[PDB]
$ cat my_file-v4.cif   # mmCIF, C-alpha atoms and all ligand atoms
data_target
loop_
_atom_site.label_atom_id
_atom_site.label_comp_id
_atom_site.auth_asym_id
_atom_site.auth_seq_id
_atom_site.Cartn_x
_atom_site.Cartn_y
_atom_site.Cartn_z
CA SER A 1 10.95 16.29 4.52
CA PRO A 2 9.29 13.16 6.07
CA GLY A 3 5.88 13.86 4.45
CA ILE A 4 7.17 14.66 0.92
CA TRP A 5 6.41 12.34 -1.99
CA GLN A 6 7.10 12.59 -5.74
CA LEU A 7 4.83 11.15 -8.42
CA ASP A 8 6.39 9.54 -11.47
CA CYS A 9 4.89 7.93 -14.56
CA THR A 10 6.74 5.50 -16.84
CA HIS A 11 5.71 3.16 -19.69
CA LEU A 12 6.19 -0.56 -20.33
CA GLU A 13 4.46 -3.16 -22.56
CA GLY A 14 2.02 -0.50 -23.81
CA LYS A 15 0.86 0.18 -20.24
CA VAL A 16 1.54 2.87 -17.66
CA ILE A 17 3.35 2.36 -14.37
CA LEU A 18 2.43 4.99 -11.81
CA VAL A 19 5.06 5.43 -9.08
CA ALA A 20 5.16 7.39 -5.83
CA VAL A 21 8.60 7.88 -4.27
CA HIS A 22 9.20 8.98 -0.70
CA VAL A 23 11.89 11.55 -1.42
CA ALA A 24 13.92 11.29 1.81
CA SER A 25 14.17 7.46 1.76
CA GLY A 26 13.83 6.24 -1.83
CA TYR A 27 10.93 3.98 -0.77
CA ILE A 28 8.36 3.43 -3.54
CA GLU A 29 4.81 2.34 -4.18
CA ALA A 30 3.62 1.54 -7.71
CA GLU A 31 0.64 0.37 -9.74
CA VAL A 32 -0.05 -0.55 -13.35
CA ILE A 33 -2.86 1.34 -15.11
CA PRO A 34 -4.06 1.35 -18.74
CA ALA A 35 -3.33 5.08 -19.02
CA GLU A 36 -2.64 8.04 -16.75
CA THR A 37 -5.94 9.80 -16.05
CA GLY A 38 -6.88 12.24 -13.30
CA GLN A 39 -9.19 9.58 -11.89
CA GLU A 40 -6.49 6.86 -11.69
CA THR A 41 -4.00 9.34 -10.22
CA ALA A 42 -6.57 10.50 -7.64
CA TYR A 43 -7.33 6.91 -6.62
CA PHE A 44 -3.60 6.10 -6.32
CA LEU A 45 -3.08 9.09 -4.01
CA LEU A 46 -6.06 8.10 -1.83
CA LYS A 47 -4.48 4.66 -1.41
CA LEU A 48 -1.05 6.12 -0.66
CA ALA A 49 -2.31 8.68 1.89
CA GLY A 50 -4.27 6.03 3.81
CA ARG A 51 -1.06 4.04 4.22
CA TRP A 52 1.63 6.70 4.88
CA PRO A 53 1.44 10.25 6.31
CA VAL A 54 1.49 12.13 2.98
CA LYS A 55 1.82 15.87 3.58
CA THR A 56 3.08 17.05 0.19
CA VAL A 57 2.98 15.53 -3.28
CA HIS A 58 5.04 16.84 -6.18
CA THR A 59 2.89 15.90 -9.17
CA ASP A 60 4.51 14.26 -12.22
CA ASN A 61 3.11 16.61 -14.88
CA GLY A 62 0.85 19.61 -15.45
CA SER A 63 -2.23 17.56 -16.32
CA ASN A 64 -2.26 15.91 -12.88
CA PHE A 65 -1.36 19.25 -11.31
CA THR A 66 -4.39 20.82 -13.04
CA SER A 67 -6.85 17.90 -12.70
CA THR A 68 -9.85 18.85 -10.54
CA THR A 69 -10.24 15.16 -9.59
CA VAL A 70 -6.63 15.07 -8.36
CA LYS A 71 -7.06 18.41 -6.55
CA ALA A 72 -10.25 17.06 -4.91
CA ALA A 73 -8.48 13.85 -3.75
CA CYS A 74 -5.61 15.91 -2.35
CA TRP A 75 -8.06 18.16 -0.52
CA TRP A 76 -9.91 15.10 0.84
CA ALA A 77 -6.69 13.42 2.00
CA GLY A 78 -5.14 16.58 3.51
CA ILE A 79 -2.35 16.61 0.93
CA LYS A 80 -0.64 19.78 -0.29
CA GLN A 81 -0.46 19.39 -4.03
CA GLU A 82 2.65 20.96 -5.55
CA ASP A 83 4.38 21.06 -8.92
CA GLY A 84 7.30 18.73 -9.64
CA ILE A 85 9.48 21.31 -11.37
CA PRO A 86 13.19 20.49 -10.92
CA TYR A 87 14.21 23.79 -9.28
CA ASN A 88 17.06 21.59 -8.23
CA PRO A 89 18.11 20.40 -11.75
CA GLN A 90 19.25 17.04 -10.28
CA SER A 91 15.63 15.80 -10.11
CA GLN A 92 15.15 15.07 -13.85
CA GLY A 93 18.09 12.67 -13.97
CA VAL A 94 17.23 11.14 -10.59
CA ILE A 95 13.72 10.21 -11.84
CA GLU A 96 15.25 8.94 -15.11
CA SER A 97 17.66 6.76 -13.11
CA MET A 98 14.85 5.42 -10.92
CA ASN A 99 12.74 4.41 -13.92
CA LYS A 100 15.74 2.71 -15.52
CA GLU A 101 16.50 0.78 -12.32
CA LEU A 102 12.83 -0.11 -11.81
CA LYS A 103 12.60 -1.40 -15.39
CA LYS A 104 15.78 -3.43 -14.85
CA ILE A 105 14.28 -5.11 -11.77
CA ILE A 106 11.03 -5.72 -13.65
CA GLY A 107 13.10 -7.44 -16.38
CA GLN A 108 14.73 -9.68 -13.76
CA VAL A 109 11.33 -10.97 -12.49
CA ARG A 110 9.27 -10.68 -15.67
CA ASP A 111 9.28 -14.41 -16.48
CA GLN A 112 8.06 -15.33 -12.96
CA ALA A 113 4.60 -13.83 -13.65
CA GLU A 114 2.06 -13.76 -16.46
CA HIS A 115 0.80 -10.21 -15.81
CA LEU A 116 2.84 -7.00 -15.76
CA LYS A 117 1.14 -5.76 -12.57
CA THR A 118 2.50 -8.79 -10.70
CA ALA A 119 6.05 -8.23 -11.96
CA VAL A 120 5.76 -4.57 -10.91
CA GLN A 121 4.78 -5.52 -7.34
CA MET A 122 7.69 -8.00 -7.18
CA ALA A 123 9.97 -5.19 -8.36
CA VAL A 124 8.56 -2.83 -5.68
CA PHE A 125 9.32 -5.53 -3.10
CA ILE A 126 12.88 -6.04 -4.32
CA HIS A 127 13.55 -2.30 -4.53
CA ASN A 128 12.20 -1.57 -1.05
CA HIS A 129 14.12 -4.46 0.60
CA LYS A 130 17.46 -3.88 -1.21
CA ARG A 131 20.22 -3.01 1.26
CA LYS A 132 22.17 0.12 0.21
CA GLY A 133 23.50 -0.43 5.19
CA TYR A 134 19.73 0.07 5.44
CA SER A 135 16.92 -0.60 2.95
CA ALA A 136 14.46 2.01 1.67
CA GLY A 137 11.78 0.29 3.76
CA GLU A 138 13.88 0.68 6.90
CA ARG A 139 14.72 4.31 6.09
CA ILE A 140 11.10 5.43 5.60
CA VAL A 141 9.95 3.91 8.91
CA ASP A 142 12.94 5.42 10.77
CA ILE A 143 12.41 8.87 9.23
CA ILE A 144 8.68 8.97 10.05
CA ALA A 145 9.09 7.45 13.54
CA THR A 146 11.68 10.11 14.47
CA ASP A 147 9.24 12.72 13.13
CA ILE A 148 6.45 11.37 15.40
CA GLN A 149 8.64 11.22 18.53
CA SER B 1 5.59 -9.59 16.90
CA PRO B 2 6.04 -6.43 14.78
CA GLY B 3 5.92 -8.66 11.67
CA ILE B 4 2.56 -10.38 12.35
CA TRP B 5 -0.46 -9.72 10.13
CA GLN B 6 -3.97 -11.21 10.02
CA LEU B 7 -5.98 -11.66 6.82
CA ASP B 8 -9.70 -11.01 6.91
CA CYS B 9 -12.41 -11.25 4.25
CA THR B 10 -15.79 -9.50 4.44
CA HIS B 11 -18.64 -8.87 1.98
CA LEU B 12 -20.45 -5.73 0.80
CA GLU B 13 -22.58 -4.83 -2.26
CA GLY B 14 -22.08 -8.36 -3.67
CA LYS B 15 -18.30 -7.87 -3.65
CA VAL B 16 -15.47 -9.01 -1.42
CA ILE B 17 -13.31 -6.75 0.73
CA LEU B 18 -9.94 -8.30 1.51
CA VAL B 19 -8.30 -6.86 4.63
CA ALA B 20 -4.87 -7.26 6.21
CA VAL B 21 -4.54 -6.09 9.82
CA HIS B 22 -1.25 -5.47 11.58
CA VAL B 23 -2.08 -7.23 14.83
CA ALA B 24 0.04 -5.15 17.25
CA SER B 25 -1.20 -1.75 15.96
CA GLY B 26 -4.64 -2.20 14.37
CA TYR B 27 -3.34 -0.63 11.13
CA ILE B 28 -5.08 -1.99 8.02
CA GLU B 29 -4.72 -2.31 4.28
CA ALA B 30 -7.69 -3.33 2.13
CA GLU B 31 -8.81 -3.96 -1.45
CA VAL B 32 -12.05 -4.79 -3.23
CA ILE B 33 -12.10 -7.94 -5.38
CA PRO B 34 -14.91 -9.72 -7.25
CA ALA B 35 -14.34 -12.87 -5.19
CA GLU B 36 -11.70 -14.36 -2.91
CA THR B 37 -9.43 -16.57 -5.01
CA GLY B 38 -5.95 -17.90 -4.29
CA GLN B 39 -4.65 -15.67 -7.08
CA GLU B 40 -6.19 -12.45 -5.69
CA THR B 41 -5.03 -13.32 -2.17
CA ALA B 42 -1.51 -14.06 -3.43
CA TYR B 43 -1.36 -10.74 -5.30
CA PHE B 44 -2.63 -8.84 -2.22
CA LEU B 45 0.12 -10.39 -0.07
CA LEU B 46 2.81 -9.54 -2.64
CA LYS B 47 1.64 -5.91 -2.49
CA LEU B 48 1.55 -5.91 1.31
CA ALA B 49 4.99 -7.50 1.76
CA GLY B 50 6.62 -4.98 -0.59
CA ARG B 51 5.28 -2.17 1.57
CA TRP B 52 5.71 -3.46 5.16
CA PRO B 53 8.07 -6.06 6.70
CA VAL B 54 5.63 -8.99 6.74
CA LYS B 55 7.13 -11.93 8.65
CA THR B 56 4.01 -13.93 9.47
CA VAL B 57 0.50 -13.99 8.00
CA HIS B 58 -2.42 -15.68 9.73
CA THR B 59 -4.62 -16.66 6.79
CA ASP B 60 -8.37 -15.97 6.92
CA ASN B 61 -9.58 -19.48 6.00
CA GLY B 62 -8.44 -22.96 5.02
CA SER B 63 -8.73 -22.40 1.28
CA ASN B 64 -6.13 -19.61 1.38
CA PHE B 65 -4.07 -21.66 3.83
CA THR B 66 -4.12 -24.58 1.35
CA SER B 67 -3.79 -22.59 -1.90
CA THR B 68 -0.56 -23.42 -3.73
CA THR B 69 -0.64 -19.94 -5.32
CA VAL B 70 -0.81 -18.35 -1.86
CA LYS B 71 1.91 -20.69 -0.54
CA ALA B 72 4.09 -19.77 -3.55
CA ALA B 73 3.59 -16.01 -2.97
CA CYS B 74 4.43 -16.43 0.71
CA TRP B 75 7.57 -18.38 -0.19
CA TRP B 76 8.54 -15.70 -2.74
CA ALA B 77 7.97 -12.83 -0.27
CA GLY B 78 9.70 -14.55 2.68
CA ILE B 79 6.44 -14.82 4.62
CA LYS B 80 5.66 -17.57 7.13
CA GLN B 81 2.14 -18.64 6.29
CA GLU B 82 0.17 -19.72 9.36
CA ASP B 83 -3.41 -20.65 10.19
CA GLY B 84 -5.74 -18.06 11.73
CA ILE B 85 -7.29 -20.39 14.30
CA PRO B 86 -8.45 -18.43 17.37
CA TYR B 87 -6.36 -20.32 19.95
CA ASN B 88 -7.11 -17.15 21.85
CA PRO B 89 -10.94 -17.29 21.52
CA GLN B 90 -11.15 -13.48 21.62
CA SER B 91 -9.93 -13.26 17.97
CA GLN B 92 -13.26 -14.28 16.33
CA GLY B 93 -15.13 -11.40 17.99
CA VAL B 94 -12.25 -8.96 17.40
CA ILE B 95 -12.38 -9.62 13.63
CA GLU B 96 -16.18 -9.39 13.74
CA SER B 97 -15.91 -6.02 15.50
CA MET B 98 -13.36 -4.77 12.96
CA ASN B 99 -15.58 -5.68 10.01
CA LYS B 100 -18.54 -3.97 11.65
CA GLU B 101 -16.51 -0.80 12.30
CA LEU B 102 -15.04 -0.86 8.78
CA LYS B 103 -18.52 -1.20 7.28
CA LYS B 104 -19.73 1.69 9.43
CA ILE B 105 -16.93 3.94 8.13
CA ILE B 106 -17.65 2.80 4.57
CA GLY B 107 -21.31 3.82 5.13
CA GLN B 108 -20.18 7.28 6.28
CA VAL B 109 -18.23 7.93 3.03
CA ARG B 110 -20.27 5.83 0.59
CA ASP B 111 -22.06 8.78 -1.05
CA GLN B 112 -18.77 10.61 -1.72
CA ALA B 113 -17.75 8.03 -4.37
CA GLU B 114 -19.39 6.10 -7.18
CA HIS B 115 -17.32 2.92 -6.81
CA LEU B 116 -17.06 0.73 -3.72
CA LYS B 117 -13.26 0.42 -4.04
CA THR B 118 -12.93 4.19 -3.61
CA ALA B 119 -15.13 4.22 -0.49
CA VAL B 120 -13.05 1.35 0.92
CA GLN B 121 -9.80 3.31 0.46
CA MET B 122 -11.38 6.39 2.11
CA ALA B 123 -12.42 4.11 5.00
CA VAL B 124 -8.86 2.71 5.27
CA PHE B 125 -7.59 6.30 5.45
CA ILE B 126 -10.08 7.28 8.16
CA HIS B 127 -9.42 4.12 10.18
CA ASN B 128 -5.63 4.46 10.04
CA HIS B 129 -5.65 8.19 10.98
CA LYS B 130 -8.26 7.93 13.77
CA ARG B 131 -6.77 8.94 17.13
CA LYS B 132 -7.32 6.80 20.29
CA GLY B 133 -3.68 9.17 21.93
CA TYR B 134 -2.00 7.75 18.83
CA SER B 135 -3.43 6.54 15.51
CA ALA B 136 -2.95 3.05 14.06
CA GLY B 137 -0.65 4.63 11.45
CA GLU B 138 1.53 6.11 14.17
CA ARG B 139 1.57 2.86 16.17
CA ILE B 140 2.70 0.65 13.27
CA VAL B 141 5.62 2.96 12.37
CA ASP B 142 6.68 3.23 16.04
CA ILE B 143 6.48 -0.55 16.58
CA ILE B 144 8.54 -1.37 13.47
CA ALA B 145 11.07 1.45 14.02
CA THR B 146 11.77 0.22 17.56
CA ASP B 147 12.20 -3.28 16.09
CA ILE B 148 14.79 -1.99 13.58
CA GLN B 149 16.65 -0.14 16.37
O1 LIG C 201 18.06 3.99 -8.27
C1 LIG C 201 17.39 5.04 -8.09
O2 LIG C 201 17.70 6.19 -8.49
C2 LIG C 201 16.10 4.89 -7.37
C3 LIG C 201 15.62 5.80 -6.43
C4 LIG C 201 16.39 7.02 -6.05
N1 LIG C 201 15.67 7.82 -5.08
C5 LIG C 201 16.17 8.09 -3.82
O3 LIG C 201 16.93 7.40 -3.15
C6 LIG C 201 15.60 9.40 -3.36
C7 LIG C 201 14.80 9.82 -4.52
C8 LIG C 201 14.06 10.97 -4.69
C9 LIG C 201 13.39 11.14 -5.88
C10 LIG C 201 13.46 10.18 -6.86
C11 LIG C 201 14.20 9.03 -6.69
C12 LIG C 201 14.87 8.88 -5.50
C13 LIG C 201 14.40 5.59 -5.82
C14 LIG C 201 13.63 4.49 -6.12
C15 LIG C 201 14.11 3.60 -7.04
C16 LIG C 201 15.31 3.80 -7.65
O4 LIG C 201 15.59 2.80 -8.54
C17 LIG C 201 14.40 2.00 -8.44
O5 LIG C 201 13.47 2.46 -7.45
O1 LIG C 202 -16.19 8.05 -7.70
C1 LIG C 202 -15.25 7.23 -7.52
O2 LIG C 202 -15.41 6.03 -7.14
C2 LIG C 202 -13.85 7.68 -7.76
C3 LIG C 202 -13.40 8.96 -7.45
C4 LIG C 202 -14.33 9.98 -6.86
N1 LIG C 202 -13.69 11.19 -6.38
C5 LIG C 202 -13.51 12.34 -7.11
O3 LIG C 202 -13.84 12.57 -8.27
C6 LIG C 202 -12.79 13.32 -6.24
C7 LIG C 202 -12.62 12.55 -4.99
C8 LIG C 202 -12.02 12.95 -3.83
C9 LIG C 202 -11.97 12.06 -2.78
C10 LIG C 202 -12.52 10.79 -2.90
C11 LIG C 202 -13.12 10.40 -4.08
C12 LIG C 202 -13.16 11.31 -5.11
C13 LIG C 202 -12.08 9.31 -7.70
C14 LIG C 202 -11.19 8.41 -8.25
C15 LIG C 202 -11.65 7.16 -8.55
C16 LIG C 202 -12.94 6.80 -8.31
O4 LIG C 202 -13.18 5.50 -8.68
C17 LIG C 202 -11.87 5.09 -9.11
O5 LIG C 202 -10.91 6.15 -9.10
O1 LIG C 203 1.09 -14.69 -13.01
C1 LIG C 203 0.69 -13.63 -12.46
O2 LIG C 203 0.76 -12.48 -12.97
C2 LIG C 203 0.11 -13.72 -11.09
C3 LIG C 203 0.59 -14.59 -10.11
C4 LIG C 203 1.73 -15.51 -10.42
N1 LIG C 203 2.26 -16.19 -9.26
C5 LIG C 203 1.90 -17.45 -8.84
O3 LIG C 203 1.08 -18.20 -9.35
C6 LIG C 203 2.69 -17.76 -7.61
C7 LIG C 203 3.53 -16.54 -7.46
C8 LIG C 203 4.48 -16.27 -6.51
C9 LIG C 203 5.13 -15.06 -6.58
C10 LIG C 203 4.84 -14.15 -7.58
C11 LIG C 203 3.89 -14.44 -8.53
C12 LIG C 203 3.25 -15.64 -8.44
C13 LIG C 203 0.01 -14.62 -8.85
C14 LIG C 203 -1.05 -13.79 -8.53
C15 LIG C 203 -1.51 -12.95 -9.50
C16 LIG C 203 -0.95 -12.91 -10.74
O4 LIG C 203 -1.58 -11.99 -11.54
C17 LIG C 203 -2.48 -11.39 -10.60
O5 LIG C 203 -2.55 -12.07 -9.35
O1 LIG C 204 -12.50 -1.68 15.90
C1 LIG C 204 -11.75 -2.69 15.76
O2 LIG C 204 -11.82 -3.77 16.41
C2 LIG C 204 -10.72 -2.61 14.69
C3 LIG C 204 -9.45 -3.15 14.83
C4 LIG C 204 -9.02 -3.86 16.07
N1 LIG C 204 -7.63 -4.24 16.01
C5 LIG C 204 -6.69 -3.68 16.86
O3 LIG C 204 -6.69 -2.56 17.34
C6 LIG C 204 -5.62 -4.70 17.10
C7 LIG C 204 -6.12 -5.87 16.33
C8 LIG C 204 -5.57 -7.12 16.21
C9 LIG C 204 -6.24 -8.05 15.43
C10 LIG C 204 -7.42 -7.73 14.81
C11 LIG C 204 -7.97 -6.47 14.94
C12 LIG C 204 -7.30 -5.56 15.72
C13 LIG C 204 -8.54 -3.05 13.79
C14 LIG C 204 -8.86 -2.42 12.62
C15 LIG C 204 -10.12 -1.89 12.50
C16 LIG C 204 -11.02 -1.98 13.51
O4 LIG C 204 -12.21 -1.39 13.17
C17 LIG C 204 -11.94 -0.97 11.83
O5 LIG C 204 -10.59 -1.23 11.39
#
$ encode --input "my_file-v4.cif" --output "structure tokens"
Amino acid sequence: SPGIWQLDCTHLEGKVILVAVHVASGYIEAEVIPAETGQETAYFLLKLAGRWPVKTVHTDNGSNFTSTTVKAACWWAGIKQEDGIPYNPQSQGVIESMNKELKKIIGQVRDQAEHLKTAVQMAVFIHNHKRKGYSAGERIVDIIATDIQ
Amino acid sequence: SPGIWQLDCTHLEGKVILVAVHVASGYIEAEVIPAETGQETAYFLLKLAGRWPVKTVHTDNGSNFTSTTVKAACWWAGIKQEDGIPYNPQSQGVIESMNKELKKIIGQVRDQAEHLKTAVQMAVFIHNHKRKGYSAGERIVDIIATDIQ
């Protein structure tokens, strides 16, 4: 569980928001890109894996699952690339709910920045610090630390 | 403190590499930018603070210390902005040594990517996973987890 991440792609203002969620904690990382390509997805995973111990990634769709560039980045970074098929049917709605919540937070900060990418990073901050009573940021560190010890 | 980070700026291939180092662990995050502006530095800190519990940032120079954009981002993110003056004289050489090591790693991966930004992220990965026997990635998580508990 502590090394499992899920990729997610959502759209806003004619742009793409690429999201990685740490499944056990709800912690997220996100970036804005013009469009979802293998190359952008590969780069995003390289960034992620340098920052957290990414063991397994459930890809967000078949194109990223198939992409040789993505497969190469996963090989390079020591990541097991898997499908994101909701074998547990709960996963479709959970991703839906996350995107809705993320977009809500983005709406709450949107006027504090000119560029969407900035609003997205503010939303990542707010999401990861929100107390649920631990935050997602606290949960991910605790989960991984316990795994190391 | 577990919340203390140091900003660092170095140059390669006519571009700027902006680095944040977690002082207690040696863990790093980095990005390539065309040039170091207040705006780029502010954005980098917003990204960092959404991902790790950043309490204090020692800025890399007086322009970023002075920048109203940087000060605004620090206020927004709940970061105490401080100078980076080596009151301990050892800090100048330690940063120097880090940049030299980072550039060495970049050289070792440079031919595996077209774009410098990609090589920099590969170097971040290698640095953060390198054992010596825990890695920087392991140390940062352990330090912060202990702080939470
Ligand atoms: O509000 C949300 O649903 C939400 C989540 C939910 N999340 C978890 O806690 C565990 C998990 C696994 C897979 C997908 C999502 C989740 C996570 C991040 C969010 C959420 O709203 C905004 O950012
Ligand atoms: O060439 C780039 O800079 C680049 C790459 C390169 N690349 C692959 O095609 C497969 C791979 C595995 C590990 C590391 C790098 C690569 C991939 C994605 C990129 C690249 O520039 C921006 O986004
Ligand atoms: O406007 C942007 O998108 C942007 C900003 C905006 N900004 C400030 O000027 C001060 C501040 C504090 C907290 C959040 C945002 C801002 C800053 C940096 C940027 C921005 O676009 C890219 O880099
Ligand atoms: O080789 C390096 O010096 C290096 C460091 C050093 N580092 C720590 O271990 C603790 C610390 C506090 C303040 C500044 C630097 C450090 C860190 C990161 C690196 C280093 O080489 C490449 O990436």
$ atom_distance --input "my_file-v4.cif" --atom1 "atom CA of residue B:96" --atom2 "atom CA of residue A:46"
25.5 Å
$ residues_near_ligand --input "my_file-v4.cif" --ligand "ligand LIG 204 (chain C)" --cutoff "10 Å" --atoms "only C-alpha atoms and all ligand atoms" --output "PyMOL selection string"
chain B and resi 4-8+19-30+90-106+123-124+126-128+130+132+135-136+139
$ residues_near_ligand --input "my_file-v4.cif" --ligand "ligand LIG 203 (chain C)" --cutoff "6 Å" --atoms "only C-alpha atoms and all ligand atoms" --output "NGL selection string"
(:A and (113-115 or 118)) or (:B and (39-40 or 42-43 or 69 or 72-73 or 76))
$ interface_residues --input "my_file-v4.cif" --of "chain B" --to "chain A" --cutoff "8 Å" --atoms "all atoms listed in the file" --output "PyMOL selection string"
chain B and resi 29+43+46-47+49-53+77+118+121-122+124-126+128-129+137-138+141-142+144-145+148
$ closest_residue --input "my_file-v4.cif" --among "A:112, A:64, A:41, A:88" --to "ligand LIG 201 (chain C)" --atoms "only C-alpha atoms and all ligand atoms"
A:88
